[PDB]
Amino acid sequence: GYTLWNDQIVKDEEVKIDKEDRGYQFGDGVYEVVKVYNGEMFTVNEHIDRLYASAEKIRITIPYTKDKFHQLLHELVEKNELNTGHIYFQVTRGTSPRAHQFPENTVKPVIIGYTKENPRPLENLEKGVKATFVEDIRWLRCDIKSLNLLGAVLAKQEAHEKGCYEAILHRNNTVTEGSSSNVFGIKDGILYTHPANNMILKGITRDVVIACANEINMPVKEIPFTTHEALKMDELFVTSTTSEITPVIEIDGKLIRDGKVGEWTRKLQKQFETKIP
């Protein structure tokens, strides 16, 4: 297939990374994942805006402008003939002799973007999944979608080893987000979720779900809940570009209510479907 390398579209086999790329020695870079539906990129405007925002947050000046980035992403999908799956793209500070501080003389940021055929998680959306609680031991700037993902790797692995789809992270019993998703709780027709500060990534799917709730007039309270409160919620689910609205029916053997997908989770999924390309 074809990969976006910097501002070029090249054959997969041509791409090689320098050992001194700061993304390889420091994880000094940011990234995005965009879902594609029948050749249509879902909320690509929001994902590109966040890529540039994450970049600005760690002072990386992406070498070309947004308009040029969208154009390159558009041809990447067409070149790979991607129907349904996702586009992954990242940008690092660039390659230069190893040193912690920013390169004295502005080097050019490295860009990588590729595609992958992958259907929607229909079985999970319908049936729900099992989750597990895992202590959030990550850094304090979770609002930046950076390449420093070692914490999430170890957490995801733990969940998979227990046959769970996701690891629900918590800071001293307070639920923050999932290893690669945002977490939502429902009690008495009210939608709860951790506020969007430095403790979580302000997900694009999270924002679309909150928009859906406002459209159907469901009360939304952006305040955190503990692991114990989460266990006594009427409904529970996780959100991500690839997971959409995935219901959580069980946490560590403990059923969320009756272990069935809830009413509001269904209403929310229904409204989310109206947004799909």
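Think of the rigid core as the biggest set of C-alphas that the two forms share within 1.5 Å after superposition. One rule holds for the numbers: they count along the sequence shown, beginning at 1.
Undergrad: Do you reckon 178-186 or 98-106 strays further from the shown form in 4 other deposited structures of this protein, measuring C-alpha RMS after a core fit?
TA: With the rigid core fitted, 98-106 is the stretch that strays more in 4 other deposited structures of this protein.
Undergrad: Out of 34-42 and 232-240, which stretch has the higher average CA B-factor listed in the record?
TA: Result of the comparison: 34-42.
Undergrad: Taking only the CA atoms, which stretch has the higher mean B-factor in the record, 201-209 or 99-107?
TA: Comparing 201-209 with 99-107, the higher mean C-alpha B-factor belongs to 99-107.
Undergrad: Quick one: which of 164, 190, 142, 149 shows the highest Cα temperature factor in the PDB entry?
TA: Among 164, 190, 142, 149, the highest C-alpha B-factor in the entry belongs to 164.
Undergrad: For the C-alpha B-factor as written in the entry, point me to the maximum among 195, 94, 119, 178.
TA: When the deposited C-alpha B-factors of 195, 94, 119, 178 are compared, 119 is largest.
Undergrad: Place residue 250 in the lowest, middle or highest third of its chain's C-alpha B-factors, as listed in the PDB entry.
TA: Middle third - that is where residue 250 ends up once the chain's C-alpha B-factors are sorted.
Undergrad: Of the three thirds of its chain by CA temperature factor, lowest, middle or highest, which one includes residue 61?
TA: CA B-factor rank for residue 61: middle third.
Undergrad: Going by the CA temperature factor in the PDB record, which third of the chain does residue 215 belong to: lowest, middle or highest?
TA: According to the entry, residue 215 has a C-alpha B-factor in the chain's highest third.
Undergrad: Within this chain, which third does the Cα B-factor at residue 263 fall in: lowest, middle or highest?
TA: Tercile = highest for this residue's CA B-factor.
Undergrad: Going by the recorded CA B-factors, say which third of the chain residue 156 sits in, lowest, middle or highest.
TA: Ranked within chain, residue 156 CA B lands in the lowest tercile.
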